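Let's start with one chain on its own, the form deposited in one PDB entry, as structure tokens.
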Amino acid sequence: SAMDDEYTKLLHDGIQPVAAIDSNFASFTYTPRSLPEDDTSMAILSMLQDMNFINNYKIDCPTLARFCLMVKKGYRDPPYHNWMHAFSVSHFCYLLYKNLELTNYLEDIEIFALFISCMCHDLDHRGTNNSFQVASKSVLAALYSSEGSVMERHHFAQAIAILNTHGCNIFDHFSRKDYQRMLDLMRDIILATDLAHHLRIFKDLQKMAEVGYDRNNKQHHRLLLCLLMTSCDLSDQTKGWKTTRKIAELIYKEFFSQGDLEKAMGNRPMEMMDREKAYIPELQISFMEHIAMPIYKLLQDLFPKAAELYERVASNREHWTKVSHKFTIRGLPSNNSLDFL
């Protein structure tokens, strides 16, 4: 068994110093997708250690090693919503911790919940979205469609199922009150990853940003955790152009595969999921303008040190404008043939 030897080494070899992963591992310029997948569970432990969660919460090391491997194992391999996505989202949470002084805004247990939620937030994703669950009358829709956020409820339920697996409950020494709090936070934070939920609370986020963050305001904590989660989830867009071009490839491969399935079901896919209609530069510009940029502008409004993130996302949006002309075929194709007509 592969997990078992992986577990044995994770537990008995000791936790690698976070600096040994990469020289700018803690920088907003680092691209966590550069880390070999085989190295990621140890990197999770290193980040947990560096944020002092292992010692502060007296987390059992065998239990933690098992949990981390179980969470990794709990992801399938669609083009985008896979473990490397969850790992990179988790890494960005770590970056927020290291760069933005979250301890001035949030409780320790909230920051811990955010990170664990990042690890778990897309568990068992099947490469299709909430709309598809309903349209395809999936088991997940049968369970959760009446509440909405079908996939996100599933990701949360999967997280709980991992904790309820013998040897994997990293929280089971917590007080009943603290345990209840952690699982409630995980619920809220994972459900916040539904972009429909983000769009619903957007005005509230703006309102919070304009009056000013009040650390004594419980609703402000809740709003901030949502914004931070969303910021982690979309953080691929805060990297260099090469990263975001690759992530566009992954997203649309996943989306177009769904679209093909919808067509086969006799359903007309959304344009962004229809490989015959989707014009990727215009779609990406739309995503950046209408969704990503305002999120990181809000983050900047709240945390001035986050300015560079917004600036990157803005820069990436302008890059799509710049390359768009390359999507139109001028001259002949390289084979000199018009066969594709």
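Residues that one form lacks are left out of the comparison. We call the rigid core the largest set of C-alpha positions that still match within 1.5 Å between the two forms. Throughout, we count residues from 1 along the sequence that is shown.
Unshown form deposited in another entry; subsequent notes refer to it.
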Shifts of 2 Å or more in the Cα, rigid core superposed between the shown form and the other one, apply to only one of 144, 112, 92, 80; name it.
144
Core-aligned CA displacement of residue 153 at least 2 Å between the shown form and the other one:
yes
Under a superposition restricted to the rigid core, does residue 187 display a Cα displacement of 2 angstroms or more between the shown form and the other one?
no
After superposition on the rigid core, does the Cα atom of residue 277 shift by at least 2 Å between the shown form and the other one?
yes
Between the shown chain and the other structure, the Cα gap of residue 80 to residue 152 differs by 3 Å or more. Is it closer or farther in that other deposited form?
farther
What changes in that other deposited form is the Cα distance between residue 146 and residue 155, by 3 Å or more; the two atoms are closer
Stretches of at least 3 consecutive residues with Cα shifts of 2 angstroms or more throughout between the shown form and the other one, after core superposition, read in sequence order as 124-153, 261-265, 270-278
